[PDB]
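Here's the structure, in structure tokens; my notes come after.
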Amino acid sequence: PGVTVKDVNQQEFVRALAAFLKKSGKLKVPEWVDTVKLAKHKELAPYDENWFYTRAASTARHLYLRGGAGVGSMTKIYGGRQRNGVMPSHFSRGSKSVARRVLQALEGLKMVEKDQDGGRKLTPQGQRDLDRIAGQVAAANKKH
Amino acid sequence: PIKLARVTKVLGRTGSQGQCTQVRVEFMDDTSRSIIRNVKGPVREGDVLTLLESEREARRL
Amino acid sequence: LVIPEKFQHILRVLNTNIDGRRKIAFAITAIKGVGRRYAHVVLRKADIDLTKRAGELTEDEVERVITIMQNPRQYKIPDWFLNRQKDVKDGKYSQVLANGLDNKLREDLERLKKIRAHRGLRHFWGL
Amino acid sequence: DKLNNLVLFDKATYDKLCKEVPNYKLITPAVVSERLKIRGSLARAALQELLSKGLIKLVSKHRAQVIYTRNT
Amino acid sequence: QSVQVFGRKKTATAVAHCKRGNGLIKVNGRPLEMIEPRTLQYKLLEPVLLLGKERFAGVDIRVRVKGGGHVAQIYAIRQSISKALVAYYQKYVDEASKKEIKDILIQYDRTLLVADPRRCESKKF
Amino acid sequence: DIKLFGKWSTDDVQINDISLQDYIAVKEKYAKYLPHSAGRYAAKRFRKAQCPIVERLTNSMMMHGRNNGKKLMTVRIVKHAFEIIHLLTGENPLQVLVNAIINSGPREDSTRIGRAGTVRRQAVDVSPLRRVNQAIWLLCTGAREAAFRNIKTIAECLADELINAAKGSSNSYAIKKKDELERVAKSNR
Amino acid sequence: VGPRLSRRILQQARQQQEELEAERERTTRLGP
Amino acid sequence: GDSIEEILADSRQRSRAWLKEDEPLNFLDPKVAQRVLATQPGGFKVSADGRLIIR
RNA sequence: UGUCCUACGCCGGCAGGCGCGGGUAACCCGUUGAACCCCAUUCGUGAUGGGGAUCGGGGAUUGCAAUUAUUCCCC
């Protein structure tokens with residue numbers, strides 16, 4: 001009977017989860033959170049200055065949906081199209097350092113833990129926290 | 001005056017490049033008049049056409 | 001909202017005219033030697049809202065932006081972010097904006113000419 | 001010739017929009033931009049500002065096109 | 001009692017499993033009001049909006065979709081759902097009900113029970 | 001009831017031209033939820049006359065290179081244009097589109113002929129299917145050439161073009177093109 | 001259908017049947 | 001084997017499968033294996049009398 | 001397609017370095033998490049946040065060797 005993450009709109013889920021992680025205040029924000037482009041195919045810095053919270057929320061959601069992912073999988077996932085000048089565009093992965101830092105910060109929250117078969121996955125704390133905030137979002141959207 | 005008339009039978013593709021169609025055309029208000037017209041576009045039997053000036057008949061070899 | 005009573009249509013920054021009817025992160029980009037990315041980081045280091053227009057900044061924020069502009073390293077702007085990192089004559093991490101860029105290009109080309117390397121001779125044969 | 005749409009509201013423009021916009025039978029950033037000589041960002045921001053006061057009815061919203069109408 | 005059918009577009013293939021239920025309809029664990037393009041949302045709900053929710057009130061369907069693109073996946077989803085319903089009312093409910101269902105599904109959209117035989121052409125030397 | 005976009009009723013839609021009744025397919029058999037159907041509508045001659053006319057307009061918005069294949073963009077444009085049309089005139093946009101097509105189709109055109117150096121124009125009649133085709137094409141061209149470099153969205157210019165073509169006013173691009181085509185065909189009897 | 005599409009469809013159906021049928025330390029010491 | 005066409009004949013790969021699509025295919029039907037195939041589906045002169053000429 | 005394809009961990013902001021595994025292959029990269037597309041934000045008809053050429057500086061990688069810029073990254 002409990003509403004699942006998969007039963008909830010994903011963008012509102014990411015927004016509410018980022019708000020929750022900013023409210024908790026236990027995330028280890030790096031010093032260079034202001035002075036970095038998220039990948040080499042970007043051109044400007046993100047306007048949303050709390051981009052670390054949204055990226056961590058998206059990473060937690062992705063590791064819920066498909067666990068066992070490492071840093072390279074996160075670089076593949078947030079990769080995009082690089083416009084190579086007057087040359088044809090190509091696909092370029094995301095920056096490895098941002099993926100490593102969001103993974104290690106979510107791990108320091110006790111939200112995310114390593115596994116024997118590979119990279120990172122969710123804790124039971126992570127699963128029930130996502131279920132609780134998904135219940136909150138479903139109450140705020142479906143019941144209104 | 002604006003006139004309306006049904007296609008009865010298509011005579012065949014006409015024009016230098018086959019861009020027109022010569023066709024048998026009869027009115028609905030008086031189903032006695034019967035004229036030859038040439039048209040641009042795909043036509044079949046049962047199509048009805050809007051004729052601006054319904055006096056002269058089309059003529060192409 | 002509406003116009004404030006102190007909206008400055010044209011600013012005079014580093015002997016450069018700045019159109020006040022523009023966003024601040026691109027009005028700073030209008031200065032030579034500053035692009036979009038460097039303007040964005042210098043305005044974020046000054047703790048200034050980027051939704052807010054350039055032409056009605058007070059003088060204090062303009063002066064603090066300028067003091068970050070000619071002094072990047074003192075405000076945690078990274079070393080790899082600068083225009084001229086290792087200057088050939090006196091190696092120091094610097095950021096020349098208005099007249100320093102034009103000048104330093106001029107003596108760069110002059111140094112290339114005076115040693116008669118291929119690049120200087122070719123570029124001054126180009127005109 | 002060259003358009004000279006305004007970037008922040010003048011007094012007369014603000015007054016005439018606050019007494020003329022909630023009855024156009026078409027409220028969209030483009031049309032208010034072209035009939036008030038307003039750059040599109042300021043016209044947009046004025047439109048959610050007027051929606052905040054309840055004077056303007058939204059009928060659909062998109063990342064490319066948001067469209068309004070009068071209340072009654 | 002339960003059935004399992006498939007539907008397809010160019011390379012997008014969906015498999016639908018149909019069982020007794022209460023009217024919970026799922027693709028990849030998600031509801032049909034959650035599958036990514038809302039612009040083609042009515043393409044998902046077409047058997048629902050034609051056949052009514054009362055005829056979906058006693059059935060649970062679960063669809064696993066893989067391949068293709070977004071539009072092709074949606075078309076495979078709706079084809080699999082319609083074929084699953086046709087199969088259920090053929091195997092375990094009376095024949096005549098399946099007759100009017102299959103009929104109205106045909107004169108609305110003929111592709112709801114037969115695949116489109118269109119695929120990318122090869123290039124030869 | 002089947003309604004376009006979950007809102008738009010097709011029962012009150014009527015065609016005022018007897019020539020275009022069998023070639024404008026908006027009725028209870030052709031009433032669809034969406035203008036996206038992906039049917040094999042050009043594999044045989046005269047098949048595309050049975051297409052819903054909103055789907056024909058949607059397929060004809062996918063023009064000029066960059067917009068090729070972007071059908072979800074064009075159904076978004078069609079939806080927003082229909083909302084703008086309704087919120088402007090207060091009447092159903094399907095009837096507005098039908099009237100715009102009826103007033104937009106050229107009834108008499110010209111054909112370039114020649115034997116050697118003598119190139120002339122011969123007046124011919126236009127079939128109803130080609131009437132529908134040139135009406136749709138001229139409406140799309142009018143909207144596209146109308147906006148292209150201004151604050152006006154493609155949806156607003158498209159809505160204005162269908163509204164002014166249903167009225168028959170001379171401000172529309174399609175009406176002006178039809179007028180000059182009929183004037184040339186009348187001067188080349 | 002053809003070989004490749006049918007192969008993918010068969011694998012999808014098999015996996016779906018298995019995951020509908022779905023819903024510790026290995027015995028190092030042999031004796032009870 | 002003993003079929004007429006095989007006897008009267010002019011005399012990775014094995015994992016390829018063909019479905020057939022009629023009613024919708026029920027994978028849970030006990031008789032579905034009939035609709036799943038394992039292989040690909042699908043000189044003389046006559047005289048005036050009509051007798052053939054052999055040489 | 002692959003004994004150069006690469007998973008994973010650490011460092012760096014990025015090119016990239018270090019270690020430890022799999023793959024002679026429908027077994028590993030790889031449930032090939034691709035781009036257009038969809039959603040939301042900013043931009044407002046302005047050679048402009050469109051367009052990217054040509055240039056100045058710095059870092060890295062492949063090679064006996066990069067100068068007449070091998071290539072990649074940042075400003």
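For the structure tokens, the naming scheme is as follows: chains receive sequential letters (A, B, ...) according to their order of presentation, residues are indexed from 1 within each chain, and ligands are indexed from 1 in presentation order.
All residues of protein, DNA or RNA that reach within 10 Å of residue A:117, judged by only C-alpha atoms (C1' of nucleotides) and not counting those fewer than 4 positions away in the chain, are residues 68 and 69 of chain A; 8 of chain I.
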Report as a ChimeraX atom specification: the residues of chain D with a DSSP assignment of helix (DSSP H, G or I), based on the backbone of this structure. /D:11-18,29-36,40-52
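Atom CA of residue D:55 sits 17.8 Å away from atom CA of residue D:13.
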Which residues, written as a ChimeraX atom specification, have at least one atom at most 9 Å from residue A:63, with only C-alpha atoms (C1' of nucleotides) counted and residues fewer than 5 positions away on the same chain left out? /A:58,68-69,112,120-122
Stretch 23-27 of chain I surroundings by only C-alpha atoms (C1' of nucleotides), 9 Å radius, close-in-sequence under 4 positions cut, as an MDAnalysis selection string: (chainID H and resid 12) or (chainID I and resid 2:3 5:6)
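Taking atom CA of residue C:97 and atom CA of residue C:83 as the two end points, the separation is 9.1 Å.
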Smallest atom-to-atom distance to chain A: which of C:53, C:40, C:119, C:22, using only C-alpha atoms? C:40
Pick out the residues sitting within 8 Å of residue A:131, and hand them over as number ranges by chain; count only C-alpha atoms (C1' of nucleotides), and ignore anything fewer than 5 positions along from it in its own chain. A: 3-5
Distance filter 7 Å, only C-alpha atoms, chain F against chain D, as a ChimeraX atom specification: /F:87-88,151-152
Give me the chain H side of the contact with stretch 10-27 of chain G, cut-off 12 Å, one line per residue showing its nearest atom pair and distance in Å at one decimal, counting only C-alpha atoms, sorted by chain and residue number, as CSV.
residue,atom,partner,partner_atom,distance
H:15,CA,G:10,CA,11.6
H:16,CA,G:10,CA,11.0
H:17,CA,G:10,CA,9.0
H:18,CA,G:10,CA,10.2
H:19,CA,G:10,CA,9.4
H:25,CA,G:13,CA,11.8
H:26,CA,G:13,CA,10.6
H:27,CA,G:13,CA,7.7
H:28,CA,G:17,CA,9.3
H:36,CA,G:10,CA,10.1
Which residues of chain A come within 12 Å of chain E, and for each one, what is the closest pair of atoms and their distance in Å to one decimal, counting only C-alpha atoms, sorted by chain and residue number, as a tab-separated table?
residue	atom	partner	partner_atom	distance
A:3	CA	E:30	CA	11.3
A:4	CA	E:30	CA	9.5
A:5	CA	E:30	CA	9.4
A:6	CA	E:30	CA	5.7
A:7	CA	E:30	CA	5.8
A:8	CA	E:34	CA	7.8
A:9	CA	E:34	CA	6.8
A:10	CA	E:34	CA	8.8
A:11	CA	E:36	CA	11.1
A:65	CA	E:29	CA	10.7
A:142	CA	E:33	CA	11.8
Output as a ChimeraX atom specification all residues of stretch 2-142 of chain A that backbone DSSP marks as strand (DSSP E). /A:80-82,90-92,112-114,120-122
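Residue-level contact on chain E: within 10 Å of chain G, counting only C-alpha atoms, the set is residues 4, 5, 6, 7, 8, 10, 11, 12, 13, 14, 15, 16, 17, 62, 63, 64, 65, 66, 67, 115 and 117 of chain E.
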For chain E, report every residue with an atom at most 9 Å from chain I (counting only C-alpha atoms (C1' of nucleotides)), formatted as a count of residues only. 5
What's the 12 Å shell around residue B:13, counting only C-alpha atoms (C1' of nucleotides), without same-chain residues fewer than 3 positions away, as a PyMOL selection string? chain B and resi 10+16-23+37-44+60-61
Near chain F, 8 Å: chain E residue rows, closest pairs, only C-alpha atoms, as CSV:
residue,atom,partner,partner_atom,distance
E:39,CA,F:72,CA,6.7
E:40,CA,F:34,CA,7.6
E:42,CA,F:33,CA,6.5
E:43,CA,F:34,CA,7.5
E:108,CA,F:29,CA,7.6
